[PDB]
Amino acid sequence: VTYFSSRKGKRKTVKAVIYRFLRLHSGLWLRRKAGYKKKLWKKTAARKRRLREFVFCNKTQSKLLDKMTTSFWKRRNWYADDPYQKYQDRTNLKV
Amino acid sequence: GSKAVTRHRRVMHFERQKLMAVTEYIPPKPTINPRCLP
Amino acid sequence: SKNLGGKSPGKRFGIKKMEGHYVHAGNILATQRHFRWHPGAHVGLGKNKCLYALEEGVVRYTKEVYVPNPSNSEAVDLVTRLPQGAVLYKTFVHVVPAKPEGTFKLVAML
Amino acid sequence: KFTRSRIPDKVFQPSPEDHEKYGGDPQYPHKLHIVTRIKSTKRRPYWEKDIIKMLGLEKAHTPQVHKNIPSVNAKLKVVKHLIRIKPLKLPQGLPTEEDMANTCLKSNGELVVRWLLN
Amino acid sequence: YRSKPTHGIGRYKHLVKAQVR
Amino acid sequence: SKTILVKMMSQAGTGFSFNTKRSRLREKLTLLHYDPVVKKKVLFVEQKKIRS
Amino acid sequence: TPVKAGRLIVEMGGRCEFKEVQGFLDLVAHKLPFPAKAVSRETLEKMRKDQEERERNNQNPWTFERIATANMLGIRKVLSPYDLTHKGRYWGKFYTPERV
Amino acid sequence: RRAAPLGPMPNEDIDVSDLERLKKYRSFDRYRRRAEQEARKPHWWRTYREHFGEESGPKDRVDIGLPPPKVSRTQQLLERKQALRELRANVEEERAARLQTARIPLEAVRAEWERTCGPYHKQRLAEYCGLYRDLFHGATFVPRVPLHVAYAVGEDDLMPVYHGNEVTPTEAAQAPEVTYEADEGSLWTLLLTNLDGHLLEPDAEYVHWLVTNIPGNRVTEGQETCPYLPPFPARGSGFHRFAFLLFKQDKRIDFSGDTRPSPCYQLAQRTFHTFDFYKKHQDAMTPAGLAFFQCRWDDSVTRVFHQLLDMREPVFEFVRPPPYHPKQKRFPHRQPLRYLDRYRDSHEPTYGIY
RNA sequence: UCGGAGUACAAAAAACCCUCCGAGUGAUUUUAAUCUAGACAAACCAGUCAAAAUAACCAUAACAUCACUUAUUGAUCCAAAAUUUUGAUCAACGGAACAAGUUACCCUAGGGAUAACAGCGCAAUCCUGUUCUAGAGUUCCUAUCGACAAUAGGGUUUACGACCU
RNA sequence: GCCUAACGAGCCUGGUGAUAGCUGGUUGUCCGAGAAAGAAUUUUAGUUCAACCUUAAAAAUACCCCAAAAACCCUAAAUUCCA
Ligand SMILES: Nc1nc2c(ncn2[C@@H]2O[C@H](COP(=O)(O)O)[C@@H](O)[C@H]2O)c(=O)[nH]1
Ligand SMILES: [Mg+2]
Ligand SMILES: [Mg+2]
Ligand SMILES: [Mg+2]
Ligand SMILES: [Mg+2]
Ligand SMILES: [Mg+2]
Ligand SMILES: [Mg+2]
Ligand SMILES: [Mg+2]
Ligand SMILES: [Mg+2]
Ligand SMILES: [Mg+2]
Ligand SMILES: [Mg+2]
Ligand SMILES: [Mg+2]
Ligand SMILES: [Mg+2]
Ligand SMILES: [Mg+2]
Ligand SMILES: [Mg+2]
Ligand SMILES: [Mg+2]
Ligand SMILES: [Mg+2]
Ligand SMILES: [Mg+2]
Ligand SMILES: [Mg+2]
Ligand SMILES: [Mg+2]
Ligand SMILES: [Mg+2]
Ligand SMILES: [Mg+2]
Ligand SMILES: [Mg+2]
Ligand SMILES: [Mg+2]
Ligand SMILES: [Mg+2]
Ligand SMILES: [Mg+2]
Ligand SMILES: [Mg+2]
Ligand SMILES: [Mg+2]
Ligand SMILES: [Mg+2]
C-alpha cells in the first residue's frame, strides 16, 4: 500500500480489495466464498449452497481492508435500486 | 532426562530422600532385655 | 523411511453438551465416528452420526434397552444369537423440552 | 503427569484418641476456623495458588477467620499442607457492639472481649 | 463412563462367542 | 477402467445442463433428472463430453 | 522375558529336603541378573509373615503409604502416581523388602 | 478408577461360561417382548421415564365409589367353562373358523363389556383424559353403573355421548336423555361440568345442568338445581371437556347455597368446584357414573354468547413462542448476508436524518 | 498432501527421519432440489451438520448405496465455456506462469544457533579386576586357563551428544 | 597470467543515503502493569494470524466447584460439565 503517493502525496488504495469485496456503511465487509466456481460436479448440494452463499469478515480482516482502502469507499452511498441499501445500516446492536 | 526404570539406582530427589528417611522402619524396643530377664 | 502418512489432525470427535445444559433446537449435542451415544427423545441423527437437539430444553443421558430395526441384518443376527436372559443396553441422549408449545391469547372480543 | 490429588475420605475419619490428643470435643464440633499461612505458594501449583488467594491468606503469619462448613473445608483440605488451623475459642462469649474496639486474639486460639481494662 | 457405577452396562460381546478328541 | 465426465442437458426445451461421471465403455447416457426451471421430472440426454 | 520382583523363575519338587536344592539353586540365583534366592513354601510363608509383622508393629506413626495417600506436605509433586501402589517399597526395578 | 454398581447389574445372572448349553431365543419378537418387559422395571440408574414424566411413579389413589359386585368365582368359572365347551362342541362354528367366514354380534359384545369390564376401561380413559386430575385432584372411582347419554338432533337422529366422544354444540343445544338401571328405592344426582372454558379462573369449572334428588331412573321428575345451558367454547381454544357425573345418595339432601335461579345466565354464579361440592356432600353422595365428551367451536356458539349470555364472542388464537436468536455480534464471522435480517425490527427502510 | 490404529489408557488438542495399514478410485440405481432457524470445528482460507417451509413421486422415505467409509483431493488469476460449466503428480500438494550443474580462482553478511581439532557428558565400543563352576589340564575347577552368566570400577580408541569458543 | 603495489575481470564519477530476514549502536528521573511459542509460509536467522499481555470503555457474571452425567473386551494418576 502506498501511504504517500508520488504525484499528489495522498494515500492510494489497492484495487484487488474493491474488486473482490464490498464494504457496508456499518463497518462490515462482504465477500464471496472461495471456490464457488471450481469443480461443482465433485461437491455436494449443501456444499455448493455454502459456496454460493455470501459471508462476512471479522474484525482483523475488516481492519486490514479499511487500512488498505481509502476513505472514498467508506462514504455513504445512495444508489438507485441498490440491493444492499437495506443492509447498509445496523439495528438492535446492544454493545 | 532419564527413563522411569534405569540401572544406576536413579538417584532420588531430595524431598523423596527425606520422606524415605522419615518413614524408615523403627523396630519395637522393649524396656528390659528378655534374654537374661527371668 | 517405511512409515509414511501417519500425520493426521484430530477430528474433535467428542461430547459437546453434558447433562443439565440448556440447549436450543439445532444445537449439536455430540459428534462421533462410531455409534457411542445413541439419540433418544427429541434428538436427531445426522448422516455423519452426529446428534443434534430437535427441541429446546435440558440435555439428559440415560441407560436404556436396545431394540434394533428388523431391517438391520447384523443387529438382528446378534439379537437372535443373544442368550435367553441377555438384553442389550445402550446410552441414549435426550432433550427434555422446557418451553410449552404455545399459549391461547385473546385476539379480538367480537 | 502431575495433576491434582484426590484425598480419600478415610483420612478425615477421626480416631477416638485424636480428640484427647488434640483437645477437641468428640461430640460438639467447633464453630470457626482460625487459619494461618505458614509456607509459600512458590514452587506450588497454580490451583493451590488460587485457593490460597480466594481464602484470603495472601500475607503469611496473619490469621483469618472462616466458617466450619464443608464448602470451605474442601479448599482447606486442598491446601492443608500450607496452613495451620485452630478452633476459635470464646471464653467470654461473642463480642457485642460495645466491645468491638477492646477485643484481642490471644495466640492460644481464643478471642478475649475485654482487653486492657484501663 | 469408567468411574461411574453404571460402567459396562452395554457389555454384550461376552454374551455371544462368534469370532475332536 | 477410466471414467468420463459428460455434460447432459434437459429435454424440456429449457436450457439446463449438469455434469455426470460415466464409464467410457457404456452407451449414450440418458436419465430422469429433476429440472427446477420447469420443476418437473425431466428426461436428460448426453450431448457433450467435457473431461476424460 | 521381562520378570518383575516376586516372580518365580524355576520351580522344583520331589522327595528331597530343602538344604540340597537351596545349595545348588543359590548359584543359579546369584548368576541371575536380578537378585534372587532359593526359597520354599515354608521360607516364602515365613518371609511374608515377617514382613506383615514388621509393617504391623512399625513404631513411627509416619509411613510412606499414609503420607502418599493423604498428600502430606504436598509430597505427590515429587512422588509418582505409581507410588500410591508401590507404597515406597519399589523404586524403579529395585525392590527393598526392608522398607515396610 | 472403578466404582461399585448401586444394585444388581442387568446381565449378571446368566453364566458366561458354557454358552452352548444355554437356551437362546431365535425370535426378534421374543427379544422385543423381553426388552419391553425389562424396560418397565424401576431401574436404579437414570432411565427415560424419570426424566420424561412417569407422573410421580406409583400413586396411592383414594377410591371413592361403590364396592365391586360380589360374584361367586367358582360358579362363574364353571359356567364359563360349560359355555365354552358347548360352543366348542358345535361343528358349524369350526367350519366357519376354518373357512374364514365368521361374524360377531357386536351389540351383545358391547353390552357384555359394559356389564363386566366396561367400568375399568372407562376409568382408565378418564385417567388418560384427566377427569380425576381436575375434579377431585387425588381420587379415582370406578364407574360401576352404566350411563347412556344421548342428544336429539331431530325426530329420528340421536347422537350418543360415549367416554371421550366429540359432540358439537349444535347437537348439544338441547337437554340430553340419560338412561341407567336402578331400582325404585335410591336417589341420584346428575351434574354436567365444563372443565375448560372459564375465562377468569383456571382452577374453576362451569356447570351446565345440575339435577338432584332423582328417584330411580326418572330424571325429569327430579328437581333441577341448575337449568341446562348449551356448550359455549371459545373459537380459538377448542376441544373443551364436558362430563356428566352421576352420584348415588342415601338421604334426601336439601341445599340452599348451591341453588341456582331459573335464568342462571350469570357466569359469576356459574362457577363451580367439584372438590368443594363433594366435600360438602361427602356423607351421602358417592360417584357411580361418568360420561365425558369433547366439544369444539361452531356457528351455534355465537348465538349462546350473544342472545343468552349477553356478551361479545371472545376469539383466541394459538400463538407460538418467538424464535430464539443469539446475541448480535459486532463482526459476525462467516455468517450469511441475511444475518442482519434476523434482528431487523421491521421490513421498512428507515431514514434517520435524510 | 489426506485418512485409520498406538504413542495420546477416561471431554478436546498434542510432536519426532516414532511402530504399522492405506488413499490420488472403482461398481450399481433410489440421479440424490430450492430456501433458512440453530449448532460442531477452526488463526484465516477452508470443511461439517441441520429443525421448519416450498417443487415431483408412496398420497408412510428419500442421508444416493457398497468396497474397515474415514481419505479418494487443489486457492486466486487466466484460458477455453456460451447462461452455465470445465481446465494442473501447481505431488515442493495454502500452489512463483515459465529458470540446471560446478567453483580447491572464489567474494560478502553472519553462526559455536551448526560440523572437522581440542575440552566436557554417557560408556554402545574398549580396559580392568573380583562372584559363579561346567570343562581343559594323565586322576584334580581355580599351578596355568576357563564357555553360558553376575557385580563394580577407569575414561586411552571409535561411535553418540552439539555445551565453551 | 598482465592491463600503475588488492584483476575469475582496472580505477574515478554518477545512479547512491543501492539493498540487506545479517552484525553492531541507539543518549534524563521516577512510577504501574507485564509476555517462552498453536497454525501457515522457497518457511523454521523472518513475517501474518490465533492464544496471552498493555492503556481506555461498557456491562455481568467469573475461578473452587458436592450430587447426577460422559462406550462399547481389561484398564491407574485423573479430566469435561455444573449447585
Ligand atoms: N492449466 C491451467 N493453467 C493455468 C491455470 N492458471 C494459470 N495457468 C497458467 O496458464 C498457462 C497455460 O499455458 P499452457 O501450459 O496451457 O501452455 C501456464 O503458464 C499456467 O501456469 C489453471 O488453472 N490451469
Ligand atoms: Mg523425563
Ligand atoms: Mg494419529
Ligand atoms: Mg498434527
Ligand atoms: Mg546377580
Ligand atoms: Mg375367575
Ligand atoms: Mg467452538
Ligand atoms: Mg425438512
Ligand atoms: Mg512450498
Ligand atoms: Mg507448504
Ligand atoms: Mg492444512
Ligand atoms: Mg588444482
Ligand atoms: Mg568472510
Ligand atoms: Mg554449541
Ligand atoms: Mg537452538
Ligand atoms: Mg565427530
Ligand atoms: Mg569433539
Ligand atoms: Mg577448551
Ligand atoms: Mg554415548
Ligand atoms: Mg562407568
Ligand atoms: Mg575335565
Ligand atoms: Mg538442543
Ligand atoms: Mg590496482
Ligand atoms: Mg541499509
Ligand atoms: Mg531469515
Ligand atoms: Mg511493577
Ligand atoms: Mg521470564
Ligand atoms: Mg462432580
Ligand atoms: Mg459454575
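Every number here is computed from the coordinates shown, using simple stated rules; none is lab data. Using ideal geometry, Cβ is built from the backbone for each residue, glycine included, and neighbour counts are taken over all protein chains shown.
Where the centroid of each part is defined by its Cα atoms, how far is segment D:18-42 from segment A:32-95 in Å?
65 Å
Whose amide H sits under 5 Å from the amide H of H:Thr140, counting only residues 5 or more places off or on another chain, with H placed in the peptide plane?
Residues meeting the amide H criterion: H:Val62, H:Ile64.
Take peptides H:110-118, H:97-105 and line them up by average Cβ neighbours within 10 Å, highest first, as a rough protection proxy.
For the peptides H:110-118, H:97-105, the packing ranking is H:110-118, H:97-105.
Roughly what % antiparallel, to the nearest 5, for the DSSP beta bridges in chain H?
90 percent
What is the distance in Å between the Cα centres of segment G:24-100 and segment B:18-38?
When both Cα centres are located, 19 Å separates them.
With runs of 4+ DSSP H residues as the only contributors, calculate the mean residue ellipticity of chain A at 222 nm using -39,500 (n - 2.57) per run, divided by the residue total and rounded to the nearest 500.
-7000 deg cm²/dmol
Calculate the spin-label point distance for A:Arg31 paired with H:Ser56, positioning each point 7 Å from the Cα along the beta-carbon direction, and give it in nanometres.
So the two model labels end up 6.1 nm from each other.
Quick one: angle between helix G:41-56 and the longest Cα principal axis of chain G, in degrees between 0 and 90, rounded to 10, please.
20 degrees
With the cut-off at 17 Å, report for chain G the share of all Cα pairs above it, as a whole percent.
Tail of the P(r) past 17 Å holds 64 percent of the pairs.
Among A:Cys57, H:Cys226, H:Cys129, which comes first, then next, by fewest other beta-carbon atoms within 10 Å?
Lowest count first: H:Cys129, A:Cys57, H:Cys226.
Can you compute the equivalent ellipsoid semi-axes for segment H:39-119, i.e. the square root of 5 times each eigenvalue of the Cα gyration tensor, sorted largest first and rounded to whole Å?
Semi-axis lengths for segment H:39-119 are 40, 22, 14 Å.
So what is the relative contact order for segment F:1-48, in percent, with contacts set as C-alpha pairs under 8 Å and at least six apart?
So the answer I get is 42 percent.
For H:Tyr354, H:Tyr265, what's the fewest-to-most ordering of other Cβ within 10 Å of each Cβ? If you can, show how the numbers build up before the last one.
Numbers: H:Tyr354 5, H:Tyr265 14.
Ascending Cβ contact count within 10 Å gives the list H:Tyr354, H:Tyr265.
Normalising by the residue count of chain C, find the relative contact order in percent from Cα pairs under 8 Å and 6+ residues apart.
Computed value for chain C: 27 percent relative contact order.
Could you grab the Rg to Rh ratio for segment G:42-100? Cα atoms only, Kirkwood for Rh.
Details: Rg = 12.9 Å, Rh = 12.6 Å.
Across segment G:42-100, the Cα-based Rg/Rh ratio is 1.02.
May I ask which residue of H:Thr286, H:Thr193, H:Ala83 lies farthest towards the positive end of the charge dipole of chain H, with charges of +1 (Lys, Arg) and -1 (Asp, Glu) on Cβ and the Cα centre as origin?
H:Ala83
Provide Rg over Rh for chain H; use the alpha carbon set for both Rg and the Kirkwood Rh (inverse mean inverse pair distance).
1.11
What does a probe at G:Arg41 reach in segment G:3-32, counting residues whose amide N is under 16 Å from the point 7 Å along Cα→Cβ?
Hits in segment G:3-32 for G:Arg41 at 16 Å: G:11-19.
By how many degrees, between 0 and 90 and to the nearest 10, does the Cα long axis of helix G:18-31 differ from the longest principal axis of chain G?
That works out to roughly 60 degrees.
For D:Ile83, which sequence-distant residues (separation of 5 or more, or a different chain) have an amide H within less than 5 Å of its own amide H, given hydrogens modelled in the peptide plane?
Those qualifying (amide H under 5 Å, at least 5 residues apart or on another chain) are D:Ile38.
Tell me, what ³J(HN,Hα) does each residue in segment D:25-30 have, in order and in whole Hz, if you take phi through Karplus 6.51 cos²θ - 1.76 cosθ + 1.60 with θ = phi - 60° and put x for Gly and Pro?
Once rounded to whole Hz, the list reads 7, x, 10, 9, x, 6.
Which values, in whole Å and largest first, are the semi-axes of the equivalent ellipsoid of the protein assembly as shown obtained as the square root of 5 times each eigenvalue of the Cα gyration tensor?
Three semi-axes, in Å: 69, 52, 42.
Per the Kirkwood definition applied to all pairs of different Cα atoms, how many angstroms is the hydrodynamic radius of segment F:1-48?
11.1 Å
Taking the alpha-carbon set of chain C, what are its Rg and Dmax in Å?
Reported Rg and Dmax, both Å: 20.1, 86.
Can you give the average number of partner chain beta-carbon atoms within 10 Å of each beta-carbon in peptide H:305-312, as a whole number?
For this peptide, the per-residue mean of nearby foreign Cβ atoms is 1.
Rounded to whole Hz and in sequence order, give me ³J(HN,Hα) for segment H:338-349 from the Karplus expression 6.51 cos²θ - 1.76 cosθ + 1.60, θ = phi - 60°, writing x for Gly and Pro.
6, 4, 6, 6, 6, 10, 6, 5, 8, 8, 9, x
What FRET efficiency, computed as 1/(1 + (r/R0)^6) with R0 = 25 Å and r the Cβ-Cβ distance, is obtained for D:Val65 and D:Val11, rounded to the nearest 0.05?
About 0.55, to the nearest 0.05.
Could you work out how far helix A:59-68 tilts from the main Cα principal axis of chain A, as a 0 to 90 degree angle to the nearest 10?
So the helix axis and the longest Cα principal axis differ by about 50 degrees.
List the residues whose amide H sits under 5 Å from the amide H of H:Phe316, counting only those 5 or more places along or on another chain, with H placed 1.01 Å from N in the peptide plane.
Close amide H contacts, sequence-distant or interchain: C:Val107, H:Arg235, H:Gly236, H:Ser237.
Grab the beta carbon distance between H:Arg49 and D:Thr96, set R0 = 60 Å, and tell me the FRET efficiency rounded to 0.05.
Efficiency, rounded to the nearest 0.05: 0.60.
Kindly work out what percent of the DSSP beta bridges joining two residues of segment D:17-118 are antiparallel, to the nearest 5.
So the antiparallel bridges amount to about 90 percent of the total.
Tell me, what are the semi-axes, in whole angstrom and largest first, of the equivalent ellipsoid of chain A as set by the roots of 5 times the Cα gyration tensor eigenvalues? Walk me through the numbers before you get to the answer.
Values: eigenvalues 162, 77, 34 Å².
So the equivalent ellipsoid measures 28, 20, 13 Å along its semi-axes.
Of H:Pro322, C:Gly44, H:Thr116, which is farthest on the positive side of the dipole of the protein assembly as shown, counting Cα position, with +1 on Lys and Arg Cβ, -1 on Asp and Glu Cβ, and the Cα centre as origin?
Selected residue: C:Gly44.
Taking θ as phi - 60°, what are the ³J(HN,Hα) couplings along segment C:13-29 by the Karplus curve (6.51, -1.76, 1.60), each to the nearest whole Hz, with x for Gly and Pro?
6, x, 9, 8, 9, 9, 5, x, 6, 7, 10, 10, 5, x, 6, 6, 6
Using 0.36 nm per residue of separation minus the Cα-Cα distance, give me the extension gain between H:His333 and H:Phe239 in nm, one decimal.
Value of the extension gain: 29.0 nm.
Can you work out the PRE-style zone for G:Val21? Point 7 Å along Cα to Cβ, and I want the residues of segment G:28-44 with backbone N under 12 Å.
G:38-44
Quick one: putting +1 on the C-beta of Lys and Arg, -1 on the C-beta of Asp and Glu, what dipole do you get for segment F:1-48 around its Cα centre, in Debye to the nearest 20?
Using only the charged Cβ atoms, the result is roughly 180 debye.
Of the DSSP beta bridges with both residues in the protein assembly as shown, give the percent that are antiparallel, rounding to the nearest 5.
Numbers: 95 of 102 bridges.
In the protein assembly as shown, approximately 95 percent of DSSP beta bridges are antiparallel ones.
What is the spin-label model distance, in nm, from A:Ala16 to H:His137 if the labels are put 7 Å beyond Cα along the C-beta direction?
If labels sit at A:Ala16 and H:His137, their model points lie 7.5 nm apart.
Between H:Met9 and G:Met72, take the C-beta separation as r, use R0 = 41 Å, and let me know the FRET efficiency to the nearest 0.05.
0.60
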